[PDB]
Amino acid sequence: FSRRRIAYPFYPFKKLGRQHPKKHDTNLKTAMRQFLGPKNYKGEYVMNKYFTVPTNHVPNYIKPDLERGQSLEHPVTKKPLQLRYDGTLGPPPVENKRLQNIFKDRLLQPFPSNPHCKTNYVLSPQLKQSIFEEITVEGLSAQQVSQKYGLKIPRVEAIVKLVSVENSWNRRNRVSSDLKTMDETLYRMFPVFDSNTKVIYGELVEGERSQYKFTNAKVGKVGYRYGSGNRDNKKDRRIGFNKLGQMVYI
Amino acid sequence: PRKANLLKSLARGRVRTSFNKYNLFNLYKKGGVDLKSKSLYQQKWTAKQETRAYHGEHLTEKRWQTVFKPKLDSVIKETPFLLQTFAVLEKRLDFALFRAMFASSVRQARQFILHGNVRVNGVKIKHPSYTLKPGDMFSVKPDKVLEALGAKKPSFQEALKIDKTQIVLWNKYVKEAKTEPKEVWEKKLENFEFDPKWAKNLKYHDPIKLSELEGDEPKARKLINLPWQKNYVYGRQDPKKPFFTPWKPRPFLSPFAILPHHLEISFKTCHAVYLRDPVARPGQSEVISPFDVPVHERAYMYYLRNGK
Amino acid sequence: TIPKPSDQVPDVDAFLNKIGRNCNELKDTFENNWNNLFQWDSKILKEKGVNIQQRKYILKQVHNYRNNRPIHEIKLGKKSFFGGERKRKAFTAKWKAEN
Amino acid sequence: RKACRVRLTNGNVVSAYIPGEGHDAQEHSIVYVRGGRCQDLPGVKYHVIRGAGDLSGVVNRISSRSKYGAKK
Amino acid sequence: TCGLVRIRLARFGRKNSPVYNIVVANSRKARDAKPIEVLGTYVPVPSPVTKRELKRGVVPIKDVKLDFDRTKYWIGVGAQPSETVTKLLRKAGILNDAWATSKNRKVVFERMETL
Amino acid sequence: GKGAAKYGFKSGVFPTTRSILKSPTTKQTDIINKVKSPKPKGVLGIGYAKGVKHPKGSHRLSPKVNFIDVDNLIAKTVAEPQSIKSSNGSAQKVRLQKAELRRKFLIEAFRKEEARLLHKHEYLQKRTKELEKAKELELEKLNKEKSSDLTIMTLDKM
RNA sequence: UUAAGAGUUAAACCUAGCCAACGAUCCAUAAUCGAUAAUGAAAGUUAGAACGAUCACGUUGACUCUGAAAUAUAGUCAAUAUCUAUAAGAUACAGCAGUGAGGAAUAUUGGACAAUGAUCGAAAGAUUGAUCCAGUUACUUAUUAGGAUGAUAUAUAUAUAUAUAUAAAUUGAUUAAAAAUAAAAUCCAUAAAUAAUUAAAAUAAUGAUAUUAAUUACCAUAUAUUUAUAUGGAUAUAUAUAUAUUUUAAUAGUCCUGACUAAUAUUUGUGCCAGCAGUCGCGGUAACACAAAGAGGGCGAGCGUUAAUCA
Ligand SMILES: [Mg+2]
Ligand SMILES: [Mg+2]
Ligand SMILES: [Mg+2]
Ligand SMILES: [Mg+2]
Ligand SMILES: [Mg+2]
Ligand SMILES: [Mg+2]
Ligand SMILES: [Mg+2]
Ligand SMILES: [Mg+2]
Ligand SMILES: [Mg+2]
Ligand SMILES: [Mg+2]
Ligand SMILES: [Mg+2]
Ligand SMILES: [Mg+2]
Ligand SMILES: [Mg+2]
Ligand SMILES: [Mg+2]
Ligand SMILES: [Mg+2]
Ligand SMILES: [Mg+2]
Ligand SMILES: [Mg+2]
């Protein structure tokens, strides 16, 4: 039996009571407000645990089940805070032992419902520099470095390319203070990883704007075939991108 | 593509590929998808709703059907084979931007692409549907990445009023410190866990007038001398940048900060490399999704038959 | 580069009148300037009001003058007096009846 | 139930149900006929189209307007 | 162009984006009908080049794929190439200057054969 | 779309590739041997038997296969300028150069086609001759299988 | 007779055969096919529009010349129907536009031979309703068709959970009943426009398309390897030179909500009537099914319905 079910919170929350007729409020909005907490004059929600990013290389992901739906905490002391019948946030009646009892992997699990999802580790900048020096300068092949550092070859090659771009930007100082701040912030939000054919180029006399290039090919294999299927007016219309990035019909 | 409408409605409670606060709450309160007391068709429909709200909301249904690949790829724990239902979308350029944390949404990444801020191997790509091959390197203009991962720049009026309030509270603090300095210092240490000149060093600030400061931002810049924001209106250190200029991470960023496996990211340069297509492995899937394997398999059975 | 006027072709107007094909109406457009005749392409001719057939023909004859090949007029092909092949039989039947 | 006897352009003769709240069809009106039978009436195998020929759209129709030839 | 057998270009592709098929065909048959043989393909549009690459010194390249040994067989038999096919084959070195015409100086780049 | 799967998933047809030499060459001995080998008559037979009469107005045996001599085609078709009788001509030199190129091209084509046929036939024959080694080594492996036999009748042998 | 076999056609003379319930003969219908299109897990089934291959025809029938090849879109004769020139006349749009009829229904009385071909010519070059382009038509397919932030408005007095008041607060409802982050507002963009310039289709030259694609938001050069600081022509200003250097958005329908079958937030009108309906079926004062309001669920520049094909 399927029913159009308004997505009310699974946890218990303080619902509406008798309301002024002109309030025009909904329970979902109250749940929103209780999840967030008071709104600062700056527009912030400091009371929430998720307003501010972490800074100790331990990602902070939503844990509504392990929190029983209580998502408010003191911004400084970081001790839990919960709503009260008085209407002012105050200390909980009892300790929530399950917030203390977090599995090692669940700390790295982004979404509660999907256990298989996990966040990759960020390589330390020193490790990136070490890989770049080992490959570019010493000459150790990507296989050797991957075996050395427990990494995959394509990741190693991507690291080399990115460190090349980083080197160029640092040479020109194209990096800005905002970019450095974002880099340092994001780096601290994630756990840190611990260690032939015949070709003829035709003659180009002066004033020619382009050069013919002839590639050898065999009859029965070269050409556009006659009676080929026309897919343009069909859903499987083939589309590609020219090297300029222009969309073309391939 | 689909015209965005009621994407973040709390009644519907569908999680979207976004860093928004409303999306955060919708993810928070959902718990898990309810597939119980439902026929097979109803289970498939619920799985479609939940999964298709996240993976490709913009894609048209009759377009997603054509894009959908009935044959998946997989390289003791159990392999989650059917989480790869939507792995085909992970090679699209906009999805790559969103997963690289170069945008706060797939739609925002789409606008970044369509507005010419994105390059793939050094050629400006203006088409969100461009598919990334393994080893491709794609980059975004750093200003747009900083805007995506930064707080909204306040208007002049909003930040001016915020400064008004900050002056009011700073004057309050120094007043109370002057009245009762010794225990003020001791109790401040109480949180941190006597020199009477301490309160003497602190200096008042003059309340500003909105009517007189309106429309004169260079004047307002000189008129503010708070200890923390010296000579700039709040959030507008350089008012010619697209973001909160004393660069501040956007609110509610920790919940959605997943580092993808298939991409290798360089935040300092706003570059990324597409290592591979996402592949399921024993006990882990590289398709970042908020739904469990049962939901994905129900969606997969739906799309195999096209709803039959 | 520009080729110099010949004694056969002193000025632009001589060239226009010689090549014919009703092109002699374009004397004003060129303003008798040899150099401008031998410098601009069909985009400028299009802007200046020359229609398709003309500007193509004048560029052809300009090229002929550049490579020294003669620029004499060759009249565009006309249909037969009795008429086109498809209508020739009926027209001959009518014409012979009238005479 | 309102039905009409219709001679088609191929020469056949059929019985067609006139849907909608109000029919503006009289004798010798020009109509367009589509398939579909009036389930509770035996012998009316066809549906007259509303909004074509001499049949107008259902007056003051505001839902399923397309099926009944209405405008908005 | 004369004779029954002619080496021509048959137009393939879509509107506003021609590509051509170097074919050996009957003169009397339609341009886009199936020919005696398909000797190659010719993409007229030059490969676009970056403004930087213009300064570096490369030029746009036009892609022709051809069967060199078979085209020699057809030229030997007396198949008569067309003007565009004559231009293409003459640049390839298959045809020498004997096929040049009066209507058609220095060499920046001489023809080169490589693997 | 289904039928294309039979041909490597290729939609559209090329014209059937033509043959430079329409009939086997003389140097291609194998086709001559098959052609001039004894004709089999029997359950699987190709010709009228010895005492059997063929129809009065028909030929008893099929038309003989005319084997091309590549030298003969090159001499008759292509040939050579018998004499160098000529003078300076705007068209004469052009035509001579054209004809020389065409002559060279057709000669090369015929020779290369003969060469590919010969090399291919030798290739197939060689492959079969090496496969003979596999057969004979298998037979040798049967010897060692039955070298260790005590001559008692065995069920597998029964 | 033919280049050529054969009761293929004509002549002559013999024999009595040949086909047939595994369907002859006759009748009706149909152009056939693919490495084409649709569908299915597949065998297959359907179409034969589009791309391509073969055949037949060019108002109807027969015959003749030429020719290698023709019962030719040729010629003669006749038939049908029109026109004038009234003659041992011409024409037959199944060539491109276009008109009338028939139909549920299928477009421009368009531009250019610039390209790729065809014909003529020694050549220059000429012709080309082939062809290439554009026009009309959502008929089909693809890409765009805006992101981020966002539940209040006033007054008070190197820290930071700021707190107090008052005022208002649309629809529905009195709480897990919502509409609704939806609006507005704010931040930031881009399209279009406006300026420049500007390829490529084509080269010896020739560009219909074309008010070209695309690039930059003053213009170049001079270095580095896209971002920069410089030199030089712009630029109004105030008073050669400190300054800045076009502007700028937002635009969604159509079907459905008893089950099949996704659609709980509820109300009104009607009362076996009006009506709905693919099947079950609904409609007699309490209609989740008719007609509507609210809310909701699909698909979305399409949605539904009819007609057909496959499963
Ligand atoms: Mg239901
Ligand atoms: Mg003449
Ligand atoms: Mg028929
Ligand atoms: Mg049939
Ligand atoms: Mg037919
Ligand atoms: Mg066809
Ligand atoms: Mg047609
Ligand atoms: Mg005929
Ligand atoms: Mg007719
Ligand atoms: Mg006839
Ligand atoms: Mg017509
Ligand atoms: Mg032409
Ligand atoms: Mg014309
Ligand atoms: Mg009310
Ligand atoms: Mg209805
Ligand atoms: Mg119903
Ligand atoms: Mg569409």
# chains A, B, ... in the order shown; residues from 1 in each chain; ligands from 1
>>> residues_around(residues="residue D:71", least_positions_apart="6", cutoff="9 Å", atoms="only C-alpha atoms (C1' of nucleotides)", output="short mmCIF file (atom, residue, chain, number, x, y, z; two decimals) with N, CA, C and O atoms, in the first residue's frame")
data_model
loop_
_atom_site.label_atom_id
_atom_site.label_comp_id
_atom_site.auth_asym_id
_atom_site.auth_seq_id
_atom_site.Cartn_x
_atom_site.Cartn_y
_atom_site.Cartn_z
N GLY D 57 -16.44 22.88 -29.22
CA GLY D 57 -15.95 22.41 -27.94
C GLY D 57 -17.01 22.47 -26.87
O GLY D 57 -17.99 23.21 -26.96
N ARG D 61 -16.04 24.20 -20.44
CA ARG D 61 -15.17 23.10 -20.07
C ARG D 61 -13.81 23.65 -19.66
O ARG D 61 -13.26 24.52 -20.35
N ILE D 62 -13.29 23.16 -18.55
CA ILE D 62 -12.06 23.69 -17.97
C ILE D 62 -11.06 22.61 -17.57
O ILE D 62 -9.91 22.94 -17.24
N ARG D 65 -9.49 19.79 -21.29
CA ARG D 65 -10.00 20.65 -22.35
C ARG D 65 -9.67 20.09 -23.73
O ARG D 65 -10.49 20.18 -24.65
#
>>> residues_around(residues="residue D:50", least_positions_apart="6", cutoff="10 Å", atoms="only C-alpha atoms (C1' of nucleotides)", output="ChimeraX atom specification")
/D:18-20,23-24,31-33,56-58,66-70
>>> residues_around(residues="residue B:92", least_positions_apart="6", cutoff="7 Å", atoms="only C-alpha atoms (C1' of nucleotides)", output="ChimeraX atom specification")
/B:129-132
>>> select_by_dssp(residues="stretch 43-249 of chain A", states="alpha helix (DSSP H)", output="PyMOL selection string")
chain A and resi 64-67+97-100+125-133+142-149+153-172+177-187
>>> atom_distance(atom1="atom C1' of residue G:138", atom2="atom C1' of residue G:302")
8.2 Å
>>> residues_near_ligand(ligand="ligand 15", cutoff="9 Å", atoms="only C-alpha atoms (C1' of nucleotides) and all ligand atoms", output="PyMOL selection string")
(chain D and resi 63-64+67) or (chain G and resi 256+276-277+290)
>>> residues_around(residues="residue E:87", least_positions_apart="4", cutoff="10 Å", atoms="only C-alpha atoms (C1' of nucleotides)", output="list in words")
residues 81, 82, 83, 91, 92, 95, 99, 100 and 104 of chain E
>>> residues_around(residues="residue F:85", least_positions_apart="6", cutoff="12 Å", atoms="only C-alpha atoms (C1' of nucleotides)", output="list in words")
residues 92, 93 and 96 of chain F
>>> write_last_selection(atoms="N, CA, C and O atoms", output="short mmCIF file (atom, residue, chain, number, x, y, z; two decimals), in the first residue's frame")
data_model
loop_
_atom_site.label_atom_id
_atom_site.label_comp_id
_atom_site.auth_asym_id
_atom_site.auth_seq_id
_atom_site.Cartn_x
_atom_site.Cartn_y
_atom_site.Cartn_z
N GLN F 92 52.72 16.78 -77.44
CA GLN F 92 53.42 15.51 -77.61
C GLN F 92 54.15 15.10 -76.34
O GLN F 92 54.03 13.95 -75.90
N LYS F 93 54.93 16.01 -75.75
CA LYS F 93 55.67 15.66 -74.55
C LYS F 93 54.72 15.35 -73.40
O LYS F 93 54.95 14.40 -72.63
N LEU F 96 53.27 11.90 -74.01
CA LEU F 96 54.28 10.88 -73.78
C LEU F 96 54.47 10.64 -72.29
O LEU F 96 54.56 9.50 -71.84
#
>>> residues_near_ligand(ligand="ligand 16", cutoff="8 Å", atoms="only C-alpha atoms (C1' of nucleotides) and all ligand atoms", output="JSON, numbers by chain")
{"G": [257, 258, 277, 289]}
>>> select_by_dssp(residues="stretch 136-235 of chain A", states="strand (DSSP E or B)", output="PDB file with N, CA, C and O atoms, in the first residue's frame")
ATOM      1  N   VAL A 192      44.006  12.358   5.834  1.00  0.00           N
ATOM      2  CA  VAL A 192      45.252  12.445   5.081  1.00  0.00           C
ATOM      3  C   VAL A 192      45.780  11.040   4.837  1.00  0.00           C
ATOM      4  O   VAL A 192      45.860  10.223   5.762  1.00  0.00           O
ATOM      5  N   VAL A 199      52.193   7.380 -45.034  1.00  0.00           N
ATOM      6  CA  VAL A 199      51.633   8.726 -45.015  1.00  0.00           C
ATOM      7  C   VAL A 199      52.477   9.602 -45.926  1.00  0.00           C
ATOM      8  O   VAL A 199      53.708   9.483 -45.942  1.00  0.00           O
ATOM      9  N   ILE A 200      51.817  10.462 -46.696  1.00  0.00           N
ATOM     10  CA  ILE A 200      52.485  11.428 -47.562  1.00  0.00           C
ATOM     11  C   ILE A 200      51.960  12.815 -47.229  1.00  0.00           C
ATOM     12  O   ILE A 200      50.751  13.064 -47.310  1.00  0.00           O
ATOM     13  N   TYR A 201      52.866  13.713 -46.859  1.00  0.00           N
ATOM     14  CA  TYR A 201      52.551  15.121 -46.672  1.00  0.00           C
ATOM     15  C   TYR A 201      52.866  15.829 -47.980  1.00  0.00           C
ATOM     16  O   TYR A 201      54.025  15.846 -48.414  1.00  0.00           O
ATOM     17  N   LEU A 204      53.862  22.066 -49.938  1.00  0.00           N
ATOM     18  CA  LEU A 204      53.220  23.320 -49.556  1.00  0.00           C
ATOM     19  C   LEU A 204      54.009  24.464 -50.179  1.00  0.00           C
ATOM     20  O   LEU A 204      55.021  24.903 -49.630  1.00  0.00           O
ATOM     21  N   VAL A 205      53.541  24.944 -51.327  1.00  0.00           N
ATOM     22  CA  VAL A 205      54.128  26.113 -51.968  1.00  0.00           C
ATOM     23  C   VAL A 205      53.571  27.359 -51.296  1.00  0.00           C
ATOM     24  O   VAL A 205      52.627  27.278 -50.505  1.00  0.00           O
ATOM     25  N   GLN A 211      47.547  22.082 -45.895  1.00  0.00           N
ATOM     26  CA  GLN A 211      48.383  21.032 -46.461  1.00  0.00           C
ATOM     27  C   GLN A 211      47.604  19.727 -46.502  1.00  0.00           C
ATOM     28  O   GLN A 211      47.096  19.272 -45.474  1.00  0.00           O
ATOM     29  N   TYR A 212      47.517  19.124 -47.681  1.00  0.00           N
ATOM     30  CA  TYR A 212      46.918  17.804 -47.790  1.00  0.00           C
ATOM     31  C   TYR A 212      47.827  16.763 -47.151  1.00  0.00           C
ATOM     32  O   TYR A 212      49.048  16.798 -47.320  1.00  0.00           O
ATOM     33  N   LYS A 213      47.226  15.840 -46.406  1.00  0.00           N
ATOM     34  CA  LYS A 213      47.926  14.687 -45.855  1.00  0.00           C
ATOM     35  C   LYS A 213      47.201  13.433 -46.310  1.00  0.00           C
ATOM     36  O   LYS A 213      45.995  13.295 -46.084  1.00  0.00           O
ATOM     37  N   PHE A 214      47.931  12.521 -46.943  1.00  0.00           N
ATOM     38  CA  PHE A 214      47.357  11.312 -47.511  1.00  0.00           C
ATOM     39  C   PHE A 214      47.783  10.116 -46.679  1.00  0.00           C
ATOM     40  O   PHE A 214      48.978   9.908 -46.457  1.00  0.00           O
ATOM     41  N   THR A 215      46.807   9.338 -46.223  1.00  0.00           N
ATOM     42  CA  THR A 215      47.046   8.136 -45.436  1.00  0.00           C
ATOM     43  C   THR A 215      46.631   6.921 -46.252  1.00  0.00           C
ATOM     44  O   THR A 215      45.547   6.908 -46.845  1.00  0.00           O
ATOM     45  N   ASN A 216      47.492   5.911 -46.286  1.00  0.00           N
ATOM     46  CA  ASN A 216      47.205   4.711 -47.055  1.00  0.00           C
ATOM     47  C   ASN A 216      46.053   3.938 -46.425  1.00  0.00           C
ATOM     48  O   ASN A 216      45.968   3.803 -45.203  1.00  0.00           O
ATOM     49  N   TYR A 226      27.657   2.744 -48.569  1.00  0.00           N
ATOM     50  CA  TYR A 226      26.411   3.131 -49.207  1.00  0.00           C
ATOM     51  C   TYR A 226      25.250   2.351 -48.614  1.00  0.00           C
ATOM     52  O   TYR A 226      25.342   1.140 -48.399  1.00  0.00           O
TER      53      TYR A 226
END
>>> interface_residues(of="chain F", to="chain E", cutoff="6 Å", atoms="only C-alpha atoms", output="PyMOL selection string")
chain F and resi 15+94+102+105-106+109
>>> residues_near_ligand(ligand="ligand 11", cutoff="9 Å", atoms="only C-alpha atoms (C1' of nucleotides) and all ligand atoms", output="ChimeraX atom specification")
/G:93-98
>>> write_last_selection(atoms="N, CA, C and O atoms (P, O5', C5', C4', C3', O3' and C1' of nucleotides)", output="PDB file, in the first residue's frame")
ATOM      1  P     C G  93       0.384  15.711 -67.768  1.00  0.00           P
ATOM      2  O5'   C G  93       1.836  16.366 -67.804  1.00  0.00           O
ATOM      3  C5'   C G  93       3.000  15.601 -67.526  1.00  0.00           C
ATOM      4  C4'   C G  93       3.776  16.169 -66.369  1.00  0.00           C
ATOM      5  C3'   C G  93       3.079  16.153 -65.021  1.00  0.00           C
ATOM      6  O3'   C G  93       3.140  14.891 -64.387  1.00  0.00           O
ATOM      7  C1'   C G  93       4.068  18.266 -65.371  1.00  0.00           C
ATOM      8  P     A G  94       1.879  14.328 -63.573  1.00  0.00           P
ATOM      9  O5'   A G  94       2.505  13.175 -62.677  1.00  0.00           O
ATOM     10  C5'   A G  94       3.613  13.437 -61.834  1.00  0.00           C
ATOM     11  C4'   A G  94       4.630  12.329 -61.901  1.00  0.00           C
ATOM     12  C3'   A G  94       5.414  12.224 -63.198  1.00  0.00           C
ATOM     13  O3'   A G  94       6.501  13.127 -63.240  1.00  0.00           O
ATOM     14  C1'   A G  94       4.633  10.083 -62.567  1.00  0.00           C
ATOM     15  P     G G  95       7.282  13.407 -64.612  1.00  0.00           P
ATOM     16  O5'   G G  95       8.529  14.274 -64.153  1.00  0.00           O
ATOM     17  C5'   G G  95       9.483  13.748 -63.246  1.00  0.00           C
ATOM     18  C4'   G G  95      10.595  14.729 -63.009  1.00  0.00           C
ATOM     19  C3'   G G  95      10.251  15.907 -62.114  1.00  0.00           C
ATOM     20  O3'   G G  95      10.358  15.605 -60.737  1.00  0.00           O
ATOM     21  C1'   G G  95      11.232  16.709 -64.085  1.00  0.00           C
ATOM     22  P     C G  96       9.475  16.411 -59.671  1.00  0.00           P
ATOM     23  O5'   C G  96      10.110  17.867 -59.679  1.00  0.00           O
ATOM     24  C5'   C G  96      11.453  18.077 -59.276  1.00  0.00           C
ATOM     25  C4'   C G  96      11.762  19.544 -59.137  1.00  0.00           C
ATOM     26  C3'   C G  96      10.750  20.338 -58.333  1.00  0.00           C
ATOM     27  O3'   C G  96      10.959  20.215 -56.939  1.00  0.00           O
ATOM     28  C1'   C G  96      11.218  21.481 -60.341  1.00  0.00           C
ATOM     29  P     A G  97       9.725  20.362 -55.926  1.00  0.00           P
ATOM     30  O5'   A G  97       9.480  21.926 -55.886  1.00  0.00           O
ATOM     31  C5'   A G  97       8.200  22.454 -56.163  1.00  0.00           C
ATOM     32  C4'   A G  97       8.258  23.930 -56.432  1.00  0.00           C
ATOM     33  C3'   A G  97       6.921  24.639 -56.328  1.00  0.00           C
ATOM     34  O3'   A G  97       6.594  24.987 -54.999  1.00  0.00           O
ATOM     35  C1'   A G  97       7.905  25.183 -58.381  1.00  0.00           C
ATOM     36  P     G G  98       5.314  24.322 -54.306  1.00  0.00           P
ATOM     37  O5'   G G  98       4.090  24.943 -55.110  1.00  0.00           O
ATOM     38  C5'   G G  98       4.047  26.330 -55.407  1.00  0.00           C
ATOM     39  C4'   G G  98       3.087  26.628 -56.529  1.00  0.00           C
ATOM     40  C3'   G G  98       1.704  26.014 -56.409  1.00  0.00           C
ATOM     41  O3'   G G  98       0.856  26.698 -55.506  1.00  0.00           O
ATOM     42  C1'   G G  98       2.509  25.678 -58.589  1.00  0.00           C
TER      43        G G  98
END
>>> residues_near_ligand(ligand="ligand 8", cutoff="8 Å", atoms="only C-alpha atoms (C1' of nucleotides) and all ligand atoms", output="PDB file with N, CA and C atoms (P, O5', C5', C4', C3', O3' and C1' of nucleotides), in the first residue's frame")
ATOM      1  P     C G  57       8.533  -1.077 -69.407  1.00  0.00           P
ATOM      2  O5'   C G  57       7.691   0.248 -69.154  1.00  0.00           O
ATOM      3  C5'   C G  57       6.280   0.194 -69.030  1.00  0.00           C
ATOM      4  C4'   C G  57       5.754   1.339 -68.205  1.00  0.00           C
ATOM      5  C3'   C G  57       6.050   2.735 -68.722  1.00  0.00           C
ATOM      6  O3'   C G  57       5.193   3.133 -69.776  1.00  0.00           O
ATOM      7  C1'   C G  57       6.506   2.646 -66.413  1.00  0.00           C
ATOM      8  P     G G  58       5.711   4.151 -70.904  1.00  0.00           P
ATOM      9  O5'   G G  58       5.667   5.568 -70.181  1.00  0.00           O
ATOM     10  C5'   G G  58       4.453   6.040 -69.608  1.00  0.00           C
ATOM     11  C4'   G G  58       4.602   7.410 -69.001  1.00  0.00           C
ATOM     12  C3'   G G  58       4.979   8.509 -69.985  1.00  0.00           C
ATOM     13  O3'   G G  58       4.348   9.732 -69.612  1.00  0.00           O
ATOM     14  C1'   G G  58       6.650   8.330 -68.324  1.00  0.00           C
ATOM     15  P     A G  72       8.274   1.464 -77.130  1.00  0.00           P
ATOM     16  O5'   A G  72       9.682   2.139 -76.825  1.00  0.00           O
ATOM     17  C5'   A G  72      10.554   1.597 -75.839  1.00  0.00           C
ATOM     18  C4'   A G  72      11.519   2.633 -75.323  1.00  0.00           C
ATOM     19  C3'   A G  72      10.908   4.006 -75.062  1.00  0.00           C
ATOM     20  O3'   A G  72      11.573   4.635 -73.968  1.00  0.00           O
ATOM     21  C1'   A G  72      12.594   4.201 -76.695  1.00  0.00           C
ATOM     22  P     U G  73      10.743   5.130 -72.689  1.00  0.00           P
ATOM     23  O5'   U G  73      10.142   6.535 -73.134  1.00  0.00           O
ATOM     24  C5'   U G  73       8.819   6.635 -73.649  1.00  0.00           C
ATOM     25  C4'   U G  73       8.396   8.072 -73.819  1.00  0.00           C
ATOM     26  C3'   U G  73       9.252   8.897 -74.780  1.00  0.00           C
ATOM     27  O3'   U G  73       8.441   9.858 -75.457  1.00  0.00           O
ATOM     28  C1'   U G  73       9.310   9.876 -72.638  1.00  0.00           C
TER      29        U G  73
END
>>> residues_near_ligand(ligand="ligand 6", cutoff="7 Å", atoms="only C-alpha atoms (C1' of nucleotides) and all ligand atoms", output="PDB file with C-alpha atoms (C1' of nucleotides), in the first residue's frame")
ATOM      1  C1'   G G  48       9.512  -1.278 -48.208  1.00  0.00           C
ATOM      2  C1'   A G  49       8.562   6.504 -46.391  1.00  0.00           C
ATOM      3  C1'   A G  50      13.767   7.997 -45.722  1.00  0.00           C
TER       4        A G  50
END
>>> residues_near_ligand(ligand="ligand 1", cutoff="10 Å", atoms="only C-alpha atoms (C1' of nucleotides) and all ligand atoms", output="MDAnalysis selection string")
(chainID A and resid 1:4) or (chainID B and resid 42) or (chainID G and resid 257:263 297)
